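Data file: work-v8.cif. Format and content: mmCIF, C-alpha atoms.
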```
data_entry
loop_
_atom_site.group_PDB
_atom_site.id
_atom_site.type_symbol
_atom_site.label_atom_id
_atom_site.label_comp_id
_atom_site.auth_asym_id
_atom_site.auth_seq_id
_atom_site.Cartn_x
_atom_site.Cartn_y
_atom_site.Cartn_z
ATOM 1 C CA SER A 1 15.989 23.376 -6.818
ATOM 2 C CA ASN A 2 16.921 20.042 -8.386
ATOM 3 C CA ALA A 3 14.040 18.077 -9.938
ATOM 4 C CA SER A 4 13.735 14.463 -11.100
ATOM 5 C CA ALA A 5 11.109 12.529 -13.100
ATOM 6 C CA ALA A 6 10.295 8.975 -14.277
ATOM 7 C CA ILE A 7 7.517 7.463 -16.445
ATOM 8 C CA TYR A 8 5.993 4.033 -15.663
ATOM 9 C CA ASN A 9 4.135 2.238 -18.504
ATOM 10 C CA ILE A 10 1.415 -0.021 -17.054
ATOM 11 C CA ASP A 11 0.194 -2.967 -19.189
ATOM 12 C CA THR A 12 -2.149 -5.488 -17.522
ATOM 13 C CA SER A 13 -2.456 -8.034 -20.394
ATOM 14 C CA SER A 14 -1.566 -11.726 -20.092
ATOM 15 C CA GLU A 15 2.175 -11.538 -20.873
ATOM 16 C CA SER A 16 2.929 -8.346 -18.934
ATOM 17 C CA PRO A 17 4.942 -8.342 -15.697
ATOM 18 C CA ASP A 18 2.147 -6.156 -14.283
ATOM 19 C CA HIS A 19 -0.678 -8.564 -15.209
ATOM 20 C CA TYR A 20 -1.197 -9.112 -11.432
ATOM 21 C CA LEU A 21 -2.948 -5.741 -11.241
ATOM 22 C CA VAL A 22 -6.064 -7.314 -12.824
ATOM 23 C CA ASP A 23 -6.618 -8.896 -9.401
ATOM 24 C CA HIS A 24 -7.280 -5.403 -8.010
ATOM 25 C CA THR A 25 -10.715 -5.002 -9.652
ATOM 26 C CA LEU A 26 -13.349 -3.122 -7.584
ATOM 27 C CA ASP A 27 -17.032 -3.216 -8.638
ATOM 28 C CA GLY A 28 -15.903 -4.388 -12.086
ATOM 29 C CA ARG A 29 -13.275 -1.690 -12.768
ATOM 30 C CA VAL A 30 -9.536 -2.408 -12.821
ATOM 31 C CA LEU A 31 -8.181 0.345 -10.516
ATOM 32 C CA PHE A 32 -4.511 1.139 -9.988
ATOM 33 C CA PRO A 33 -4.009 0.739 -6.201
ATOM 34 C CA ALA A 34 -3.200 3.698 -3.940
ATOM 35 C CA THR A 35 -0.166 1.712 -2.794
ATOM 36 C CA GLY A 36 0.905 1.408 -6.423
ATOM 37 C CA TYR A 37 1.383 5.184 -6.391
ATOM 38 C CA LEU A 38 3.428 4.900 -3.186
ATOM 39 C CA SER A 39 5.628 2.308 -4.901
ATOM 40 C CA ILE A 40 6.350 4.288 -8.077
ATOM 41 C CA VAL A 41 7.053 7.500 -6.119
ATOM 42 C CA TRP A 42 9.443 5.611 -3.810
ATOM 43 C CA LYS A 43 11.203 4.086 -6.834
ATOM 44 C CA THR A 44 11.572 7.540 -8.398
ATOM 45 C CA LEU A 45 13.176 8.936 -5.231
ATOM 46 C CA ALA A 46 15.597 5.979 -4.962
ATOM 47 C CA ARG A 47 16.500 6.464 -8.615
ATOM 48 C CA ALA A 48 17.199 10.161 -7.938
ATOM 49 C CA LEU A 49 19.470 9.305 -4.992
ATOM 50 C CA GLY A 50 21.372 6.470 -6.682
ATOM 51 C CA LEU A 51 20.041 3.954 -4.133
ATOM 52 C CA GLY A 52 18.018 0.791 -4.309
ATOM 53 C CA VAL A 53 14.511 0.972 -2.865
ATOM 54 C CA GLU A 54 15.495 -1.516 -0.163
ATOM 55 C CA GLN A 55 18.305 0.913 0.854
ATOM 56 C CA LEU A 56 15.952 3.893 1.271
ATOM 57 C CA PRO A 57 13.881 4.320 4.457
ATOM 58 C CA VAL A 58 11.274 6.866 3.464
ATOM 59 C CA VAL A 59 8.570 9.197 4.804
ATOM 60 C CA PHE A 60 5.407 10.258 2.949
ATOM 61 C CA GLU A 61 3.328 13.170 4.277
ATOM 62 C CA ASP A 62 -0.081 14.540 3.314
ATOM 63 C CA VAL A 63 -0.756 12.184 0.388
ATOM 64 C CA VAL A 64 -3.866 13.290 -1.535
ATOM 65 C CA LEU A 65 -5.444 11.027 -4.176
ATOM 66 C CA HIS A 66 -7.252 13.420 -6.512
ATOM 67 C CA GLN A 67 -8.907 10.758 -8.725
ATOM 68 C CA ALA A 68 -8.914 7.023 -9.353
ATOM 69 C CA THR A 69 -6.918 5.614 -12.283
ATOM 70 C CA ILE A 70 -8.667 2.951 -14.360
ATOM 71 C CA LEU A 71 -6.238 0.566 -16.047
ATOM 72 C CA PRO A 72 -6.746 -0.644 -19.646
ATOM 73 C CA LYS A 73 -7.361 -4.331 -20.375
ATOM 74 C CA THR A 74 -5.191 -4.025 -23.534
ATOM 75 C CA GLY A 75 -2.322 -1.666 -24.307
ATOM 76 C CA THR A 76 -0.828 0.715 -21.724
ATOM 77 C CA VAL A 77 -1.379 3.817 -19.618
ATOM 78 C CA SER A 78 1.641 5.929 -18.616
ATOM 79 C CA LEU A 79 2.030 7.392 -15.106
ATOM 80 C CA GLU A 80 4.640 10.177 -14.690
ATOM 81 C CA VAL A 81 6.261 10.948 -11.296
ATOM 82 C CA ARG A 82 7.931 14.337 -10.748
ATOM 83 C CA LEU A 83 9.963 15.293 -7.648
ATOM 84 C CA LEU A 84 11.116 18.736 -6.479
ATOM 85 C CA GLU A 85 14.028 18.619 -4.008
ATOM 86 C CA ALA A 86 13.702 21.921 -2.098
ATOM 87 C CA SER A 87 10.031 21.534 -1.117
ATOM 88 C CA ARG A 88 10.160 17.708 -0.746
ATOM 89 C CA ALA A 89 7.076 17.614 -2.999
ATOM 90 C CA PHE A 90 5.951 14.946 -5.479
ATOM 91 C CA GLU A 91 3.228 14.762 -8.147
ATOM 92 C CA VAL A 92 1.907 11.819 -10.205
ATOM 93 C CA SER A 93 0.097 12.618 -13.458
ATOM 94 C CA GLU A 94 -1.557 10.680 -16.269
ATOM 95 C CA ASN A 95 -2.122 12.342 -19.662
ATOM 96 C CA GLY A 96 -1.478 15.734 -18.082
ATOM 97 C CA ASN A 97 -4.068 15.202 -15.330
ATOM 98 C CA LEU A 98 -2.910 15.404 -11.715
ATOM 99 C CA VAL A 99 -3.623 12.102 -9.944
ATOM 100 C CA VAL A 100 -1.649 12.179 -6.638
ATOM 101 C CA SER A 101 0.345 14.775 -4.662
ATOM 102 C CA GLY A 102 2.140 15.013 -1.322
ATOM 103 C CA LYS A 103 5.612 15.131 0.235
ATOM 104 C CA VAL A 104 8.277 12.402 0.183
ATOM 105 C CA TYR A 105 11.804 12.307 1.632
ATOM 106 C CA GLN A 106 14.403 9.925 3.059
ATOM 107 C CA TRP A 107 13.997 9.039 6.716
ATOM 108 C CA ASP A 108 17.408 10.046 8.014
ATOM 109 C CA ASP A 109 17.359 8.243 11.385
ATOM 110 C CA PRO A 110 14.661 5.546 11.391
ATOM 111 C CA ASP A 111 13.213 4.601 14.790
ATOM 112 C CA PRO A 112 12.438 0.851 14.873
ATOM 113 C CA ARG A 113 10.102 1.358 17.890
ATOM 114 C CA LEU A 114 7.455 2.793 15.525
ATOM 115 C CA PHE A 115 6.889 -0.767 14.219
ATOM 116 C CA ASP A 116 6.355 -2.438 17.632
ATOM 117 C CA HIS A 117 3.265 -2.804 19.790
ATOM 118 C CA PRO A 118 2.707 -3.843 23.417
ATOM 119 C CA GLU A 119 2.261 -7.586 23.836
ATOM 120 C CA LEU A 120 -11.296 -16.173 17.304
ATOM 121 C CA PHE A 121 -9.567 -15.887 13.919
ATOM 122 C CA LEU A 122 -11.015 -15.842 10.415
ATOM 123 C CA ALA A 123 -9.260 -17.926 7.784
ATOM 124 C CA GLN A 124 -8.266 -16.497 4.402
ATOM 125 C CA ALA A 125 -11.386 -17.654 2.536
ATOM 126 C CA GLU A 126 -13.759 -16.160 5.124
ATOM 127 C CA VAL A 127 -11.813 -12.877 5.106
ATOM 128 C CA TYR A 128 -12.280 -12.448 1.366
ATOM 129 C CA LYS A 129 -15.909 -13.573 1.622
ATOM 130 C CA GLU A 130 -16.415 -10.765 4.149
ATOM 131 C CA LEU A 131 -14.692 -8.273 1.818
ATOM 132 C CA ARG A 132 -16.738 -9.548 -1.127
ATOM 133 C CA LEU A 133 -19.932 -8.905 0.853
ATOM 134 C CA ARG A 134 -18.718 -5.392 1.652
ATOM 135 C CA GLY A 135 -18.149 -4.823 -2.087
ATOM 136 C CA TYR A 136 -14.425 -5.624 -2.712
ATOM 137 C CA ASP A 137 -13.625 -8.314 -5.322
ATOM 138 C CA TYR A 138 -9.911 -9.016 -4.870
ATOM 139 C CA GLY A 139 -8.352 -11.673 -7.081
ATOM 140 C CA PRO A 140 -5.612 -14.097 -5.991
ATOM 141 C CA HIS A 141 -2.569 -11.789 -6.287
ATOM 142 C CA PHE A 142 -4.239 -9.358 -3.853
ATOM 143 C CA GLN A 143 -5.469 -12.041 -1.397
ATOM 144 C CA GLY A 144 -2.558 -11.540 0.986
ATOM 145 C CA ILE A 145 -4.508 -11.569 4.273
ATOM 146 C CA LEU A 146 -3.828 -15.095 5.586
ATOM 147 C CA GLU A 147 -5.912 -14.718 8.748
ATOM 148 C CA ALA A 148 -7.594 -11.927 10.688
ATOM 149 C CA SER A 149 -9.470 -11.578 13.946
ATOM 150 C CA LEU A 150 -13.237 -11.174 13.881
ATOM 151 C CA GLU A 151 -12.843 -7.527 14.918
ATOM 152 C CA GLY A 152 -10.274 -6.958 12.182
ATOM 153 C CA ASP A 153 -7.637 -5.375 14.419
ATOM 154 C CA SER A 154 -4.920 -8.043 14.082
ATOM 155 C CA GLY A 155 -3.805 -10.667 11.592
ATOM 156 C CA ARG A 156 -1.028 -12.048 9.380
ATOM 157 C CA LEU A 157 -0.009 -10.804 5.901
ATOM 158 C CA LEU A 158 1.803 -12.753 3.178
ATOM 159 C CA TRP A 159 5.082 -11.320 1.841
ATOM 160 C CA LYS A 160 5.911 -12.012 -1.826
ATOM 161 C CA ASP A 161 8.611 -9.343 -2.436
ATOM 162 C CA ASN A 162 5.789 -7.130 -3.759
ATOM 163 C CA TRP A 163 5.369 -3.818 -1.900
ATOM 164 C CA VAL A 164 2.189 -2.880 -3.831
ATOM 165 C CA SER A 165 0.135 -5.900 -2.823
ATOM 166 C CA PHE A 166 1.625 -6.046 0.708
ATOM 167 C CA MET A 167 0.681 -2.460 1.564
ATOM 168 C CA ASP A 168 -2.709 -2.936 -0.132
ATOM 169 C CA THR A 169 -3.457 -5.793 2.260
ATOM 170 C CA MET A 170 -2.659 -3.350 5.099
ATOM 171 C CA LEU A 171 -5.408 -1.054 3.771
ATOM 172 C CA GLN A 172 -7.676 -4.103 3.466
ATOM 173 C CA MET A 173 -7.257 -4.777 7.179
ATOM 174 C CA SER A 174 -8.196 -1.188 8.042
ATOM 175 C CA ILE A 175 -11.389 -1.625 6.012
ATOM 176 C CA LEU A 176 -12.054 -4.946 7.748
ATOM 177 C CA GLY A 177 -12.797 -3.445 11.154
ATOM 178 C CA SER A 178 -14.893 -0.578 9.811
ATOM 179 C CA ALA A 179 -18.458 0.420 10.650
ATOM 180 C CA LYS A 180 -18.920 1.742 7.104
ATOM 181 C CA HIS A 181 -21.256 -0.080 4.729
ATOM 182 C CA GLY A 182 -20.241 -0.662 1.136
ATOM 183 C CA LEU A 183 -17.325 0.152 -1.129
ATOM 184 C CA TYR A 184 -14.914 2.900 -0.004
ATOM 185 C CA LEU A 185 -11.722 4.093 -1.745
ATOM 186 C CA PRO A 186 -8.781 6.052 -0.230
ATOM 187 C CA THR A 187 -8.737 9.820 -0.641
ATOM 188 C CA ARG A 188 -5.801 10.799 1.550
ATOM 189 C CA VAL A 189 -3.180 9.483 3.975
ATOM 190 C CA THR A 190 -1.609 11.730 6.646
ATOM 191 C CA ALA A 191 1.760 9.931 6.923
ATOM 192 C CA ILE A 192 3.540 6.715 5.886
ATOM 193 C CA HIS A 193 6.942 5.574 7.240
ATOM 194 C CA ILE A 194 8.797 2.623 5.633
ATOM 195 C CA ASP A 195 12.050 1.107 6.957
ATOM 196 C CA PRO A 196 13.206 -1.863 4.845
ATOM 197 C CA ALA A 197 15.827 -2.888 7.438
ATOM 198 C CA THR A 198 13.106 -3.315 10.064
ATOM 199 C CA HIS A 199 10.868 -5.058 7.502
ATOM 200 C CA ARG A 200 13.531 -7.708 6.919
ATOM 201 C CA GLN A 201 13.780 -8.290 10.682
ATOM 202 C CA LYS A 202 9.984 -8.469 11.192
ATOM 203 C CA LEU A 203 9.412 -11.210 8.602
ATOM 204 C CA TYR A 204 9.058 -14.798 9.756
ATOM 205 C CA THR A 205 8.462 -18.163 8.127
ATOM 206 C CA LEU A 206 5.516 -20.454 8.790
ATOM 207 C CA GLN A 207 5.802 -24.234 8.492
ATOM 208 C CA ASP A 208 4.711 -23.973 4.835
ATOM 209 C CA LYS A 209 7.835 -21.901 4.005
ATOM 210 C CA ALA A 210 5.707 -18.768 3.508
ATOM 211 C CA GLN A 211 7.249 -15.471 4.693
ATOM 212 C CA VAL A 212 4.678 -13.479 6.688
ATOM 213 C CA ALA A 213 4.397 -10.429 8.962
ATOM 214 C CA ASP A 214 2.012 -9.622 11.806
ATOM 215 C CA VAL A 215 -0.376 -6.698 11.303
ATOM 216 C CA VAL A 216 -2.259 -4.577 13.859
ATOM 217 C CA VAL A 217 -4.871 -1.839 13.486
ATOM 218 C CA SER A 218 -5.209 0.763 16.277
ATOM 219 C CA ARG A 219 -8.507 2.552 16.462
ATOM 220 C CA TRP A 220 -7.127 4.733 19.303
ATOM 221 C CA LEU A 221 -4.091 5.954 17.363
ATOM 222 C CA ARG A 222 -5.505 5.731 13.803
ATOM 223 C CA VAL A 223 -2.591 3.596 12.560
ATOM 224 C CA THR A 224 -2.020 0.276 10.765
ATOM 225 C CA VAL A 225 1.407 -1.325 11.221
ATOM 226 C CA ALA A 226 2.925 -4.425 9.581
ATOM 227 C CA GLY A 227 6.517 -5.411 8.851
ATOM 228 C CA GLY A 228 8.513 -2.247 8.261
ATOM 229 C CA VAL A 229 5.466 -0.168 7.211
ATOM 230 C CA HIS A 230 3.533 2.307 9.415
ATOM 231 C CA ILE A 231 0.411 3.970 7.965
ATOM 232 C CA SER A 232 -1.185 6.896 9.854
ATOM 233 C CA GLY A 233 -4.441 8.746 9.176
ATOM 234 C CA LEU A 234 -6.168 6.953 6.282
ATOM 235 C CA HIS A 235 -9.342 8.596 4.933
ATOM 236 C CA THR A 236 -11.812 7.144 2.387
ATOM 237 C CA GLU A 237 -14.988 8.028 0.406
ATOM 238 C CA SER A 238 -17.902 6.006 -0.988
ATOM 239 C CA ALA A 239 -17.794 4.623 -4.553
ATOM 240 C CA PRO A 240 -20.593 3.089 -6.700
#
```
Rewritten as structure tokens:
Amino acid sequence: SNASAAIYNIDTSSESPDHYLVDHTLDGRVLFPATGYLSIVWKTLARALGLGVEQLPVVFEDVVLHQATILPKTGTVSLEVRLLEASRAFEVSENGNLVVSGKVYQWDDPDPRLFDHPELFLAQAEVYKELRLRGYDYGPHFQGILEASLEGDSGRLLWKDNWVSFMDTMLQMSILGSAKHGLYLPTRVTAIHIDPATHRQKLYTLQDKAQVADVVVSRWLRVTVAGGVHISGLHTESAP
């Protein structure tokens, strides 16, 4: 089988292009987001195919997050992505330790219907007050929920050409309508489908020139859907 690999050096200090990750700090620890792993794996697959990420509709299956990755406040940590073609597998490691595994492959015939649904709101500040009370201290670059219903099953997400923070605000919504008390971190995701062509068509502009997308959470189907992203079967565990 063919194999491919790429190494991403993550620096969060004040002059780094990845300084925005300091706004993903949970109970005082800077944690690399689960959706940051999705992003670097997707980039590695595009790089292996000679495509841009926006040209690559993609499926993830059976994503398992084996441990959290703390980020350093100075210097760098290096995350390595390896892909194996025949099995469609990927692995992410850090200093030889396995961090994430699963399957990833191009979505050969995307179905735009996956991103549609049949057809009392909290403002942004109250949303992040609610998340703060539940234990999540997101800073401004991760405050992408612009409004959400009191039940947490619909809302609007900001789009800033950043797939990491956009998909993280989809996980934030799922947490919003939860009966769980306290801080919970992802441990696995059954499937993720991304179609950038649909994403571009789902975006719309508010009066303030902000590009946004509608988000819904289905308790019945165990899915969260926004723009061109469909997340199925999220599971989480308690953290201190």
For segment 173-178 of chain A, list every protein, DNA or RNA residue within 7 Å, evaluated using all atoms listed in the file, and leave out those in the same chain fewer than 2 positions away; present the list as a list in words.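 Close residues of segment 173-178 of chain A: residues 151, 152, 153, 169, 170, 171, 180, 217 and 224 of chain A.
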Output of the PyMOL selection byres ((chain A and resi 104) around 8), listed as a ChimeraX atom specification: /A:42,58-61,88-90,102-103,105-106
Please evaluate the PyMOL selection byres ((chain A and resi 161) around 12) against the structure above and give the resulting residues as a list in words.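 For this structure, the PyMOL selection byres ((chain A and resi 161) around 12) captures residues 53, 54, 144, 158, 159, 160, 162, 163, 164, 165, 166, 167, 196, 199, 200, 203, 210, 211 and 212 of chain A.
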Can you tell me, as a VMD selection string, what residues are no more than 6 Å from residue 65 of chain A when counting all atoms listed in the file, ignoring any on the same chain fewer than 3 positions away? chain A and resid 100 187 to 188
I'd like to know which of A:7, A:185, A:123, A:68 is closest to residue 148 of chain A, using only C-alpha atoms. A:123
